[PDB]
Every structure is written in structure tokens, then in C-alpha cells.
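Below is one structure; the comments refer to it alone.
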Amino acid sequence: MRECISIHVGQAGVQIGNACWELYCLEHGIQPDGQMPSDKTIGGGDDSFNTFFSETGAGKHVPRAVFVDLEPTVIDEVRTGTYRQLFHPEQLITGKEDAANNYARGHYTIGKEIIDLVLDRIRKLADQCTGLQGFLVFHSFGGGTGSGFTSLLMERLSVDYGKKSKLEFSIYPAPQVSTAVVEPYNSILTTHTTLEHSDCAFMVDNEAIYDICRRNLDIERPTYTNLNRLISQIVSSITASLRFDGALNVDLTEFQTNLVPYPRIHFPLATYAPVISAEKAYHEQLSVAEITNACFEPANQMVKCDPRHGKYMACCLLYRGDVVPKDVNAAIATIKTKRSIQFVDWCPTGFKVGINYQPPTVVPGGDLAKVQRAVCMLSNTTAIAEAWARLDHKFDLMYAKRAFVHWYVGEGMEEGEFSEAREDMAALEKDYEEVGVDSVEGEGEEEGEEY
Amino acid sequence: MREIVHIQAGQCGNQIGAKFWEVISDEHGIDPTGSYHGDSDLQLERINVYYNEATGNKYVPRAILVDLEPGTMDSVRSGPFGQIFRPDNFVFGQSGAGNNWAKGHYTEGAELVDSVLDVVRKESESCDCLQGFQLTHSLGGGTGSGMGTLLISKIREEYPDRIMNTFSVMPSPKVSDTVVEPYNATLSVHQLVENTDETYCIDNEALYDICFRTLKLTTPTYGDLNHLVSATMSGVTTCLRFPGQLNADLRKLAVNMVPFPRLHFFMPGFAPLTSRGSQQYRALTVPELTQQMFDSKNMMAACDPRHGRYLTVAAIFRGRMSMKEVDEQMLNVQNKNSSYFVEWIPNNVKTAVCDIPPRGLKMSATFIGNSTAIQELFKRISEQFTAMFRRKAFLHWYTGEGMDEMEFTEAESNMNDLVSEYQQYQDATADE
Amino acid sequence: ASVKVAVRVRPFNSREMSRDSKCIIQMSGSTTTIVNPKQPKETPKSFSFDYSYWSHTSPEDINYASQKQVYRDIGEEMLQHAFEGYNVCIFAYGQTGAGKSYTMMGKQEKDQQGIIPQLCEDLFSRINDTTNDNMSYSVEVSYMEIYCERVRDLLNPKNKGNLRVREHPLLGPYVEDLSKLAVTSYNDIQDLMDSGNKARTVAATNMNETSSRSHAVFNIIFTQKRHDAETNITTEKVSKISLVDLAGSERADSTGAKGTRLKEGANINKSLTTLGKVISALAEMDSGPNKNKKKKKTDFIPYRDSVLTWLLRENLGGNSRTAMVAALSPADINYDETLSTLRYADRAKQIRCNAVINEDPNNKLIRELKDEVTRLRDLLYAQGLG
Amino acid sequence: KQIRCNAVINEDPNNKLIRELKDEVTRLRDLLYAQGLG
Ligand SMILES: CC(=O)O[C@H]1C(=O)[C@@]2(C)[C@H]([C@H](OC(=O)c3ccccc3)[C@]3(O)C[C@H](OC(=O)[C@H](O)[C@@H](NC(=O)c4ccccc4)c4ccccc4)C(C)=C1C3(C)C)[C@]1(OC(C)=O)CO[C@@H]1C[C@@H]2O
Ligand SMILES: Nc1nc2c(ncn2[C@@H]2O[C@H](COP(=O)(O)OP(=O)(O)OP(=O)(O)O)[C@@H](O)[C@H]2O)c(=O)[nH]1
Ligand SMILES: Nc1ncnc2c1ncn2[C@@H]1O[C@H](COP(=O)(O)OP(=O)(O)NP(=O)(O)O)[C@@H](O)[C@H]1O
Ligand SMILES: Nc1nc2c(ncn2[C@@H]2O[C@H](COP(=O)(O)OP(=O)(O)O)[C@@H](O)[C@H]2O)c(=O)[nH]1
Ligand SMILES: [Mg+2]
Ligand SMILES: [Mg+2]
């Protein structure tokens with residue numbers, strides 16, 4: 001049994017969880033009330049997949065989910081929504097104020113008195129689980145709860161379970177667009193925990209998704225629902241390989257083994273190729289070569305960073321639908337001859353491939369078209385440093401004058417916790433600048449003995 | 001009367017073994033349930049090589065299935081020939097290696113190896129006179145390489161006299177499917193060069209080239225590649241099961257092929273492979289089979305034989321034919337291509353002829369070469385190995401499971417010594 | 001330098017005396033003459049060796065080579081070289097019944113002892129003899145055997161498992177988890193020697209009542225340290241004494257082996273064939289590049305074809321000073337094997353070595369640079385520039 | 001009154017001595033060879 005626990009923290013996490021669980025219930029034919037008429041109609045099967053749903057005796061299916069937030073609003077919207085009967089009545093909601101965009105409030109002051117209950121529920125879920133694979137933590141940098149409480153939770157989970165993988169999906173702040181004045185402080189302070197404790201951290205950006213949803217899916221006024229649906233498609237593409245059959249099957253440990261050359265550089269980008277509207281679904285072959293090429297297009301990246309300014313260190317392609325290995329090999333061969341895509345000289349292979357038979361589903365009322373093929377590409381590259389560098393500059397512009405600092409120190413932190421984190425951030429940046437450099441010319445300087 | 005115990009490890013090994021058991025059950029008229037529905041009496045005469053006999057007059061293959069992912073076993077069971085295997089031989093665990101050779105060899109495989117060896121002993125003690133083993137696995141992966149090497153080592157420790165064959169799918173030159181193929185390939189080859197008697201090198205790119213250029217298939221899948229490898233595997237051990245004018249046991253091939261102990265890496269091939277479209281044009285004769293077998297395009301190893309020399313070759317024909325024509329054609333191939341055969345092994349072409357051809361073919365032949373060009377393959381892996389080991393590209397995953405740099409260095413040294421040994425015969429003009 | 005070659009002849013054995021006992025070996029100075037018993041008209045082909053030991057006539061005193069003469073010729077000099085700082089090897093060779101264990105091991109109860117008792121003993125009586133306030137010595141002893149392509153530890157307590165063989169990148173092949181012990185007096189090492197000899201696998205055969213069924217290697221790691229804060233260097237010297245007793249060739253017709261004995265004989269013959277091949281290849285390789293021009297293009301040497309040649313890679317060539325002691329049977333019936341042994345001894349005489357042995361390479365570089373500074377300063381001062 | 005500190009590096013004495021001796025050898029060799037005495 002390949003089983004995962006999904007943890008959703010903060011407003012962004014809870015809403016992405018709503019989208020993700022809508023997609024999962026649609027995928028496995030589970031009704032919003034937890035019943036699955038398909039098994040009754042047919043007679044039986046494995047459609048109650050243990051990856052995401054636990055089956056009780058009566059035939060109901062409960063998600064393997066944990067929702068957490070310090071406000072009651074976002075989760076009260078779920079307790080009385082369409083899916084009110086799907087979830088276990090526990091939702092781990094602190095009936096108090098919120099972290100208030102303050103990392104210290106969510107990590108030190110109010111993050112306590114709720115971490116114990118969350119850990120108890122996580123332990124209860126893990127006890128029922130056999131052959132646990134890892135965790136999927138959804139949060140967002142720049143928020144109070146999603147930064148501080150996520151940091152505390154990750155630290156405690158690393159202390160307790162230790163060896164299990166911990167995959168992290170997070171919403172990095174955009175370069176220009178933002179919805180708060182103190183985003184840089186929380187984003188920089190989260191570096192400690194997102195570096196040491198997590199195993200692989202996927203970053204997505206709202207500006208990139210807005211750009212995609214205006215060139216590809218021709219929508220002019222998108223909302224957060226579209227962003228959450230696209231992120232849900234990405235996560236489903238990641239997790240499909242341990243729910244359905246396929247020619248080449250990639251588990252969660254293979255991801256870490258193939259995309260992480262060193263422990264401190266586990267920040268890959270993610271992208272989805274066949275993002276297209278129903279009207280433009282026609283006039284387009286959508287072959288394997290086209291989607292593979294579109295994965296490498298700079299315009300289709302989910303984070304505002306240009307891959308041409310860096311070097312690719314590893315790639316992982318996850319195919320879904322009517323995909324044959326020969327076409328994948330031809331597409332990879334074609335990509336390897338392009339000069340605009342530079343790979344580090346110390347990784348000659350530089351490609352992981354996985355194929356799954358299950359095609360992507362169509363959420364009713366959605367925006368994506370019905371397609372026969374799809375591919376999700378993950379790319380560990382050096383361009384991500386640029387996406388960090390801007391943030392560091394912003395942090396300096398606020399820390400020189402110590403603006404907004406008294407709020408953070410008033411909740412239990414000290415000034416030094418800022419500077420230390422910044423120093424740590426600098427180290428990470430330098431590490432990237434160390435790894436993207438070409439090996440020195442004739443790395444043994446020069447050689448040649450007698451004969 | 002001789003047996004062969006069969007072991008399968010990993011996804012690639014499991015699928016190739018499934019197709020192989022489907023090809024063998026056809027040749028012998030075993031039905032997807034174990035019942036015999038053949039027509040020729042010779043099918044049952046030597047069925048003891050692969051199949052045990054059950055109490056209900058059914059036949060059960062002497063196969064062992066190994067993996068650390070239950071998905072492969074589930075796929076095998078839910079298939080046309082899933083029920084034929086006995087369920088007790090399905091040995092597996094959970095939390096697969098994940099393309100980590102260390103997990104397959106040291107951490108996880110160390111627990112399942114005892115169960116696999118118990119089943120191997122149970123199958124081996126029931127044979128009248130065991131001949132040898134054969135293993136299908138992929139070098140570039142996880143559980144395949146590690147568990148295959150560990151099982152090979154354990155069996156050679158326990159059964160030193162018996163034969164150990166291996167049909168290994170090596171990493172391709174430019175086609176790749178996992179990032180860390182060179183590490184696993186280098187370690188697996190370091191293990192194989194010591195503890196095996198024969199090793200048939202198979203390459204995915206060569207099979208794709210055969211499918212595209214020779215058979216003219218537009219959308220080849222893994223099934224076709226398994227088909228080819230399975231036809232090669234049957235063709236190797238034909239003489240154990242059917243009569244012939246001049247038989248050739250496995251030991252005969254082992255003796256006549258390898259000149260020295262460390263050179264047992266064989267390039268295989270099969271003929272006749274046409275196009276379903278030009279079957280009506282090409283006449284089937286011994287010269288045509290000889291022409292197709294020695295063609296560089298028809299090899300399954302993706303190494304050009306014209307870049308080296310043949311230390312030894314073996315041709316096993318199946319079908320009614322004349323020995324005069326076969327011997328004349330082998331002598332002709334030697335004489336015309338005088339530059340591609342070593343000068344110090346006179347008449348280095350083993351010949352075998354079996355009377356019974358495959359199902360619906362009048363004649364067939366399989367080719368087993370041992371050429372220095374195989375060195376190219378190792379060199380490629382070695383090159384890529386250096387390109388990652390110099391910077392320690394992914395080394396923490398391997399050192400976390402209980403290994404060190406010394407193992408990598410000694411494996412690389414063994415690879416380089418093997419390459420040098422093949423090189424030292426490659427050039428002509430042994431004097432100076 | 002080159003391989004040192006010693007040849008020694010043994011007296012008759014009961015089986016040889018029972019059958020035809022006409023001797024064919026003659027030996028004078030540093031020359032050995034063999035006469036074909038089937039072709040008396042043929043020339044008495046002769047061979048030259050660095051050392052020659054006629055031990056055929058026991059009670060006489062006319063060119064009789066006792067055990068101590070053989071030691072004083074070979075083992076003395078080998079220890080002296082070991083003190084000088086070189087790794088040293090002495091390995092026996094011959095056919096079954098030649099008398100290799102007699103030359104190496106000897107009889108404990110008698111005064112006539114083989115090479116190793118003499119050396120381990122002399123070295124103790126020299127360390128103990130020269131110990132001082134500044135000087136100090138350390139000795140560690142190991143003893144392994146190769147039975148059927150598997151390494152077993154002789155001094156270790158009962159452990160039926162087989163030890164793994166690794167390849168250190170600088171130090172070459174070695175054995176993992178070998179029970180290397182420390183000895184401080186002669187009684188301890190004598191106890192280790194007796195335990196190892198008792199632990200060795202020995203079986204009776206028609207050619208020898210107590211034939212050897214396994215190759216054996218006796219290893220002494222020897223360390224010299226100097227203690228003075230002003231002038232001396234600690235751990236200044238480390239060296240290895242390797243003493244190898246090989247199992248001889250066999251022929252199943254005269255041997256009379258059946259079952260396990262036949263398998264042991266086959267494995268022994270396989271390993272010895274590999275050893276002969278590597279010896280011949282080494283000889284040709286060193287001779288050619290020495291004489292032919294100096295090309296040094298490429299010459300593969302099959303070290304890896306057997307575990308015996310793999311473990312002894314550094315002794316057969318490279319970083320060691322090595323001696324080969326061939327034993328020869330006198331009888332006419334064993335002529336075909338004796339001639340082969342002589343031929344391979346002659347081939348081994350052509351092999352070369354390259355041994356320096358330096359310790360702590362940072363200290364090597366430091367002392368070399370200091371000597372260079374002194375030399376250049378003296379040159380400048382002599383020329384008026386310093 | 002934040003002021004610049006830079007990085008304090010604890011060098012290995014072995015490498016320090018090796019580098020110093022290499023510099024001395026280089027200077028002496030350059031002086032000797034420049035005058036044609038080597
Ligand atoms: C005209 C005719 O009779 O059809 C042939 C045919 O056209 C050809 C093209 C067949 C055909 O093979 C293929 O098309 C093919 C495609 C991909 C991979 C492998 C094969 C054939 O399928 C293959 C099939 O061969 C057999 O049945 C053999 O006994 C073969 N066994 C199987 O193919 C087999 C597969 C699944 C289950 C049971 C048996 C075999 C060969 C050697 C040793 C043992 C078994 C045959 C004669 C043919 C068809 C049907 C078209 C060829 O295959 C073989 C090995 O016979 C391809 O080159 C040969 C030459 C044949 O002429
Ligand atoms: N993509 C996406 N991002 C969201 C969504 N909702 C919130 N965000 C991001 O979240 C950031 C605001 O911080 P939050 O994560 O909401 O903080 P919080 O979880 O509410 O915790 P508190 O600060 O204590 O209220 C914004 O900058 C958004 O970019 C969403 O539905 N989709
Ligand atoms: N020079 C010698 N003088 C007296 N007895 C000897 C002499 N050399 C050997 N022997 C005896 O003859 C026998 C053969 O000696 P041994 O050294 O055991 O041969 P070996 O080397 O062991 N043959 P192998 O089985 O290949 O090891 C033993 O009984 C010895 O005691
Ligand atoms: N010939 C062949 N190769 C395969 C097949 N399936 C996978 N492979 C190869 O196996 C490699 C991946 O190794 P994998 O099978 O996952 O190793 P495992 O996880 O230990 O079983 C890839 O390079 C593929 O080319 C198959 O059906 N046939
Ligand atoms: Mg909030
Ligand atoms: Mg002996």
C-alpha cells in the first residue's frame with residue numbers, strides 16, 4: 001500500500017486542498033458524501049485507492065488529510081460546504097486570533113497550544129497506515145500561519161518520524177505582485193526550516209500562473225480557483241504513479257534520488273505542458289514532441305525565472321495517457337541537440353522518464369480541455385537563485401531601518417534571528433553558484449605520464 | 001536429464017520472463033492453465049528442462065519471481081499466463097529500491113535474499129541432475145541490479161559447479177531513463193565479471209533499431225523487445241529439449257566461446273527477421289540465414305562488430321538442413337571477412353544443428369558472438385561514471401545506505417582492467 | 001633490482017626408493033644440470049640460478065646445504081632489506097613432494113627448522129637486542145590461507161566464513177577483517193605459529209603423506225619509531241615481510257585423488273597455471289621494453305584471473321623485493337615436472353621490481369623542500385649570491 | 001558602530017610550512033637560474 005498524508009496549513013493550503021480533493025474525488029469516482037456507487041454497480045474492485053482514501057466498514061471513504069489554520073473562517077467554509085460529509089469532523093482549528101502575517105506569532109506565541117493536537121491527529125492517521133511513503137505539506141511563504149506554523153510542524157515531524165520523505169508545495173512571493181507589506185521577513189525566516197528539514201520543495205508563483213492563464217487558457221480575469229486547479233493537476237501528475245498502472249512507474253523515493261544531487265539544492269521547478277482551452281484544443285495535434293517542447297519553453301514556467309540564465313542539473317518527465325516510449329525517446333533526443341538548453345557537464349544523463357496509462361480528468365466547470373496525452377516536467381536548475389536574489393534585496397531595504405521589527409520581537413523572537421537567517425540564505429545562494437560552474441579545465445589540471 | 005532453474009528480478013526481468021514463458025509454453029503446447037494440448041510426441045519427451053509435473057497431469061514452470069514492488073507481481077498475475085505460475089514462488093516485499101543500487105544490494109535486499117534462497121533451494125533439490133541457472137534483469141535500475149548480483153553471489157557460493165547464465169539489459173548509449181544509470185551499471189558489472197560463466201548483453205537501442213529498420217514496425221512497444229529477447233533465450237538452449245544432428249549443450253557453448261575466464265560478454269542475434277511485408281520475396285536458405293546473422297545491423301547489443309574482432313562465435317540452427325552447406329558457409333564467412341577474426345584461434349566458429357524448428361517457421365538460427373567491440377559499451381559507462389564521481393554528483397544517496405568511495409573506485413578499476421584486457425587483442429599484427 | 005632465485009634439492013622418499021631411484025640432478029657452484037633419463041645421448045641442459053642448495057646427502061659435509069645455510073643466504077639478507085625500509089617477499093615453488101613446507105616451515109621438534117622460524121626469531125633477538133630509550137619497535141603478525149579461491153584466517157578462532165578482498169587505491173589489494181594480532185615476545189609468536197600450522201588444511205596423498213591443500217601467506221607488519229623532540233621522527237619506518245608457501249602441481253594418475261581431493265587438486269593446478277602465466281607475461285614485458293627500444297606502449301598483465309595472483313600483486317612486481325625458492329625432486333620419474341620447475345625459475349629470474357617505500361608523503365615533501373632550500377642556499381653562497 | 005571583521009581562517013601548519021618552503025625554493029631557484037648557475 002503506497003499511502004501518503006496530505007497536510008494543509010493556512011488559507012492557501014486549505015483552498016489548494018479543496019481543489020485537490022475535488023480532483024481526487026472526481027478521479028476515483030467518489031461522491032461528495034464519501035460513497036462510491038461504482039463498486040456497488042460493478043461488484044467490487046480497488047477503486048477505493050489507499051493512496052488518499054481510507055475505507056470504513058460501511059463503504060464510506062475518508063480522506064487521509066489534515067487541515068490546520070488559526071482562523072476559523074476558511075475551514076468553516078469547508079465544514080458547511082459541498083464536501084461537509086467527506087472529511088472527518090476533526091479540522092484542528094484554533095478558535096482564537098490568527099498569526100497576523102507575523103512569523104513569530106505563528107511559531108512561538110500562538111503556534112503552541114495547537115501543535116500537540118495536530119501531531120496527535122497525524123499520529124492517529126499514521127497508525128492506520130501501512131507502508132507509509134511520505135508527507136505532502138501545502139503552505140505559502142509570506143503568511144503568518146503558513147510560515148511559522150509550517151516551520152514548527154516540519155521541525156516536530158522531522159524529530160518524530162525522521163526517515164519518511166517530506167515533500168513541500170509552497171507559493172513563493174512574486175517579484176512585483178504582492179498582497180502584504182511584510183512578505184520578505186516571513187519568506188526569509190522560513191529558509192531555516194524549508195532548507196534543513198524538508199526533502200524536496202516545489203515552488204510556484206502567482207504571476208507566472210496569471211501569465212499562463214492569459215496566453216494559454218484564454219481567461220482575462222482569473223481568480224484563485226484556477227490557480228488551485230492547475231496546482232492540483234500538477235500534484236495529481238506527481239502522485240499518479242502510485243495509484244494506476246503504467247509502463248514505467250516512478251515512486252516518491254525515485255524523485256528524491258534523481259532530482260537531488262546534494263542535500264541543500266532540493267528546490268526544483270515544476271511545469272505542465274498541455275495547458276490549453278477547449279476552443280484551441282482543436283487545430284492542435286498535441287503529440288508527445290509538442291508537449292515535451294512546451295515543457296521547456298520559458299514562457300510556460302510556473303515561477304518567474306528564465307531557465308536560459310542558468311543550467312539544468314536534473315529533469316524528471318511524468319507522462320500520462322496514450323504515450324509510447326519511442327516517442328518519449330525521440331523527444332528527449334531532439335531536446336538534447338538544442339543549444340539554448342544547457343546541462344551541467346557533470347550530469348551527462350540528466351533525464352528521468354515515467355509513463356502512466358491513466359489520462360488526466362476534466363473537472364466539471366473547469367477551464368482545461370479534454371486531452372489524450374499530458375506531461376508534467378520537474379526541473380532542478382540553477383536559475384532559481386535569481387528568484388531568491390530579488391527577495392534578499394527587498395529584505396535589506398526593510399532591515400536597514402529596522403521597520404516592522406517591533407511586532408516580531410514583541411511575540412517572543414529576538415533581532416539576531418533575522419540576521420542569522422539572512423546569513424544562512426546567503427550560504428544557500430553561494431552553494432548554487434558553486435554547483436553551476438563548469439568543472440575546471442582538465443579537472444586534474446593536466447596529466448600524461450611517460451606512456 | 002537436465003534442468004534449468006529460472007530466476008527473475010525487477011520490472012524488466014519480470015516482463016521478459018513473462019514473455020519467455022509464453023514463447024516456451026507455445027513451443028511445448030502447454031495451455032495458459034497448465035494442461036497439455038500438443039500434437040507432436042517430441043514436445044513432452046524433454047519437458048523436464050523447464051516444467052515440473054503436478055499431480056493433476058498439469059505442468060508448472062520452474063520459475064522464481066523477485067522484486068520489491070508488488071505492482072510487477074500484480075501485473076504478472078493479471079495476465080494471459082499469470083495462473084500458470086505457482087503462487088509460492090512470488091517473493092516480494094515493499095518500499096522498493098527506487099533506482100538505488102545500495103538499497104537493492106545492502107539495505108533492503110539483505111532481508112528478502114534469505115526467502116529467495118530458500119525457494120531456490122527448494123526448487124534445486126527436486127531436480128534429477130541440475131545443469132545451471134539463468135537470470136533476467138536490468139543493470140541500469142534499482143532492485144534489478146542489486147538483487148541480481150546478490151543472488152548470483154549467493155548461488156555461486158552455494159553451487160560452484162553449476163552454470164550461471166544472465167540476460168542483462170545494459171544502459172543504452174544515448175537513450176536514458178534514469179539519471180543514475182552509470183553508478184548502478186558500473187557496480188553491477190563489477191559484480192558480474194567475477195561471479196558468472198556467461199552474460200548476454202542486450203541494449204534497448206539495438207532492439208529499437210531492429211524493430212524500425214528490419215521489421216518495419218511503426219509504433220514498437222516493450223512487448224516487441226521482450227519478444228525478440230525471448231526468441232533469443234529459447235534459441236540458446238534448444239539442444240537440451242529436442243534432438244539434432246549435432247547437439248550443443250550449454251557447457252559446450254561455454255567451453256568453445258570464452259578463451260579466458262574474464263571474457264564472457266556475448267552479443268546475441270536472431271534470424272530470420274523480415275517485415276510481415278516482404279516475407280513472400282526472401283527465399284529461406286542457409287546462405288540467407290548466414291547473411292542475416294553476421295550483419296552488423298542485426299545485433300542486439302548496439303556495438304558495431306566491425307570496430308573489433310571476433311574472439312569466438314557460435315551459430316545454432318534449427319530445421320532440416322545439410323551439414324555440408326552449413327560448414328561451407330561458416331568457412332566462407334571466415335575466409336571473406338579475414339580481418340575481423342583473430343589469427344591465433346584457427347577456425348573459431350562453433351556450429352550446432354537442431355532438427356525441430358520453431359512453430360510456424362521452416363528454418364531459424366541464433367548467433368552468439370564474443371567480440372572486442374563490446375569494450376566500447378563499457379568505455380561509455382566508465383566515461384559517464386567519471387563525469388559524476390569526480391564531483392560526487394549523487395553520492396550521498398549511496399553512502400547513506402552503508403557504502404564508501406573505495407567500493408566505487410575498485411569497481412571502476414575492475415571495469416578499466418576489463419576494457420584493457422579486451423583492447424589487448426583488438427589490434428592486428430601482434431609483432432612490432 | 002630483480003627477483004632473487006634459489007633452487008634446492010631434497011633427498012629420496014620411501015616411494016622413490018621403492019621404485020627406480022636413479023638420480024638425475026647435479027649441482028655445482030651456481031649451476032644446475034639435468035640429464036634426461038630417456039635420452040642419455042642428449043646434451044645435459046643446464047641452468048644458472050643465484051643460489052643452489054644440494055641437500056641430497058644428509059650426514060656428509062661436502063657441499064651439503066643445511067637449513068641455516070639457506071637462511072644465511074636468503075632470509076638474512078631479506079631481513080636486512082626489511083630493516084633498510086623495503087617490503088620483502090619470499091615465496092616457495094615446485095611440484096608436489098618437492099619439499100616446499102620443509103624449506104619454509106620445517107620440523108619444530110628438531111634443530112632443522114625452515115625459513116620463517118629462523119627469521120621471526122632472529123628479528124626478535126635483534127629488536128630486543130638493540131632496543132633503546134629513543135628507538136622503539138612494533139610487530140604485528142597475520143597468517144591467511146587460500147583453500148579454493150576463498151581466503152580463510154588461520155590465527156582467528158573458529159569462524160567458518162570467508163573474508164572479503166578489497167583494493168585500497170594506493171596500497172593495492174588486501175584482505176578485510178583479517179585478525180591481525182600483536183606479539184611482544186617470542187613465546188607468543190611461537191604459539192601463533194603452532195596454532196596456524198594446526199589450523200591449516202592438510203590431507204594425505206600418494207605423493208605425500210601430509211600434502212598441503214591450500215596456499216598460505218605469513219605476514220609480518222614491522223614498524224620502527226624514533227623518539228626525540230629535536231631530531232627524530234615518530235613512526236619513521238613501516239615495512240612488510242611476506243612469506244608464501246604454495247601448493248604444488250598434481251597429476252591425477254599418480255596422485256590417486258577422488259572426489260574432494262580431485263577438486264582441490266584441480267583448483268590448485270588452475271591457480272598455479274595463472275601464476276605461471278603472469279610470471280611469463282611479466283618476464284617478457286620487462287625484458288622487451290628493457291632491450292627492444294624503450295617504447296612502453298602497453299602490456300596487460302592478468303593479475304585478476306585468480307585470487308592468489310591478486311593478493312600477491314605488489315610482490316610479483318612493483319613495490320617489493322622478492323625471492324623465489326624452488327624445490328626439486330631428484331628422481332628420474334619426476335623429470336618432466338622438475339624440468340618445468342627449472343624453466344619457470346629461469347623465467348622468474350628475468351622479472352624486475354620497483355620498490356622505494358616512503359611514509360607520510362607530506363613529510364616526504366617537507367624534507368625534500370628543506371633539502372632543496374639547503375642545496376640552493378649553499379649553491380648561492382658558493383657563487384657569491386648568498 | 002558596526003565595523004568590518006572579515007573571515008578568520010585557521011590554516012593547517014603542514015600546508016603553511018609546505019607553502020612557505022615552496023616559495024623559498026621558488027625564489028632561490030629563480031635567483032640561481034637567472035644567473036645561469038643551474
Ligand atoms: C508468415 C508467417 O507465418 O508469419 C510469421 C512472420 O511473418 C515473421 C515475420 C515473424 C512474426 O514476428 C513478428 O512480426 C515479430 C514482431 C516483433 C517482435 C518479434 C516478432 C510472427 O509474429 C512470429 C511467428 O513466429 C512464431 O510463431 C515462432 O514460433 C516464434 N514464436 C512466437 O512468435 C510466439 C509469440 C507469442 C506466443 C507464442 C509464440 C519463435 C521463434 C523462435 C523461437 C521460438 C519461438 C511467425 C512464424 C510469424 C508471425 C506470426 C507474423 C518473425 O518472428 C519470428 C521470430 O518468427 C519476425 O521475423 C520472423 C519471420 C517471420 O516470417
Ligand atoms: N495560489 C494561491 N495563493 C494563495 C491563495 N490564497 C492565499 N494565497 C497566497 O497567500 C498569501 C497570503 O498569506 P496566507 O497564506 O493567506 O496567510 P494565512 O495562511 O492566511 O495565515 P495568516 O497570515 O495568519 O492569516 C498571498 O500572498 C497569496 O499569494 C490561493 O487560493 N491560491
Ligand atoms: N630436505 C629434506 N630433508 C629431509 N626430509 C625432507 C626434506 N624435504 C622434504 N622432506 C620431507 O619430505 C616430505 C615432503 O616435504 P614437504 O615440504 O611437506 O613437501 P610439500 O612442499 O608439502 N609438497 P606439497 O603437498 O605440494 O606442499 C615431508 O615428510 C618432509 O619432512
Ligand atoms: N528491454 C526492456 N527494458 C526495459 C523494460 N522495462 C524497463 N526497461 C528498462 O529498465 C530500465 C529501468 O530499470 P528498472 O526496470 O526500473 O529496474 P528495477 O526497478 O530494478 O526493476 C530502463 O532503462 C528501461 O530501458 C522492458 O519491458 N524491456
Ligand atoms: Mg489567514
Ligand atoms: Mg606443503
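Here, A, B, ... name the chains of the C-alpha cells in the order displayed, residue numbers run from 1 inside each chain, and ligands are numbered from 1 in the same displayed order.
Using only C-alpha atoms, we find that the part of chain C lying within 7 Å of chain D comprises residues 366, 369, 370, 372, 373, 376, 377 and 380 of chain C.
The binding environment of ligand 6, defined as every protein, DNA or RNA residue with an atom no more than 6 Å away and counting only C-alpha atoms and all ligand atoms, comprises residues 100, 101, 211, 212 and 247 of chain C.
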What residues in chain C have any atom no more than 9 Å from chain B when counting only C-alpha atoms, and can you write them as an MDAnalysis selection string? chainID C and resid 166:169 298:302 304:305
For a quick test of understanding: name the residues of chain A lying within 12 Å of chain C when counting only C-alpha atoms, and present them as a list in words. residues 449, 450 and 451 of chain A
Show me, as an NGL selection string, the residues that have an atom within 8 Å of range 184-197 of chain C when counting only C-alpha atoms, minus same-chain residues fewer than 4 positions from it. :C and (121 or 124 or 139 or 141 or 143 or 154-155)
Take the residues that were just selected and, keeping N, CA and C atoms, output them as an mmCIF file, in the first residue's frame.
data_model
loop_
_atom_site.group_PDB
_atom_site.id
_atom_site.type_symbol
_atom_site.label_atom_id
_atom_site.label_comp_id
_atom_site.auth_asym_id
_atom_site.auth_seq_id
_atom_site.Cartn_x
_atom_site.Cartn_y
_atom_site.Cartn_z
ATOM 1 N N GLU C 121 62.482 -15.379 14.623
ATOM 2 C CA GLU C 121 63.335 -15.465 15.840
ATOM 3 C C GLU C 121 64.485 -14.470 15.753
ATOM 4 N N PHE C 124 63.367 -10.940 16.477
ATOM 5 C CA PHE C 124 63.102 -10.591 17.884
ATOM 6 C C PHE C 124 64.458 -10.369 18.552
ATOM 7 N N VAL C 139 55.577 -4.977 16.209
ATOM 8 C CA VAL C 139 55.409 -6.098 15.295
ATOM 9 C C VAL C 139 53.976 -6.599 15.390
ATOM 10 N N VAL C 141 51.440 -9.737 13.479
ATOM 11 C CA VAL C 141 51.546 -10.989 12.740
ATOM 12 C C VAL C 141 50.161 -11.412 12.275
ATOM 13 N N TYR C 143 48.255 -14.459 9.393
ATOM 14 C CA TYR C 143 48.507 -15.723 8.705
ATOM 15 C C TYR C 143 47.207 -16.167 8.052
ATOM 16 N N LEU C 154 43.915 -18.049 9.607
ATOM 17 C CA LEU C 154 44.448 -19.194 10.340
ATOM 18 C C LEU C 154 44.545 -18.916 11.837
ATOM 19 N N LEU C 155 44.985 -17.716 12.221
ATOM 20 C CA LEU C 155 45.128 -17.389 13.636
ATOM 21 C C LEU C 155 43.802 -17.060 14.306
#
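Between chain B and the residues A:223, A:191, A:216, A:130, the shortest atom-to-atom distance, using only C-alpha atoms, involves A:130.
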For chain A against chain B, which residues fall within 8 Å using only C-alpha atoms, given as a count of residues only? 28
At most 8 Å from ligand 3 (only C-alpha atoms and all ligand atoms): residue list as a PyMOL selection string: chain C and resi 9-11+13+55-56+58+94-107+207-213+245-249+327
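Residues of chain D that DSSP, applied to the backbone, places in alpha helix (DSSP H): residues 13, 14, 15, 16, 17, 18, 19, 20, 21, 22, 23, 24, 25, 26, 27, 28, 29, 30, 31, 32, 33 and 34 of chain D.
We find CA of residue 280 in chain B and CA of residue 267 in chain B to be spaced 29.3 Å apart.
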Using DSSP on the backbone coordinates, identify all residues within range 175-314 of chain A classified as strand (DSSP E or B); present the result as a VMD selection string. chain A and resid 200 to 204 248 269 to 272 312 to 314
Enumerate residues in contact with ligand 5: an atom-to-atom distance of at most 12 Å, counting only C-alpha atoms and all ligand atoms. Format the result as an MDAnalysis selection string. chainID A and resid 9:15 68:75 93:94 96:102 106 139:147 149 180
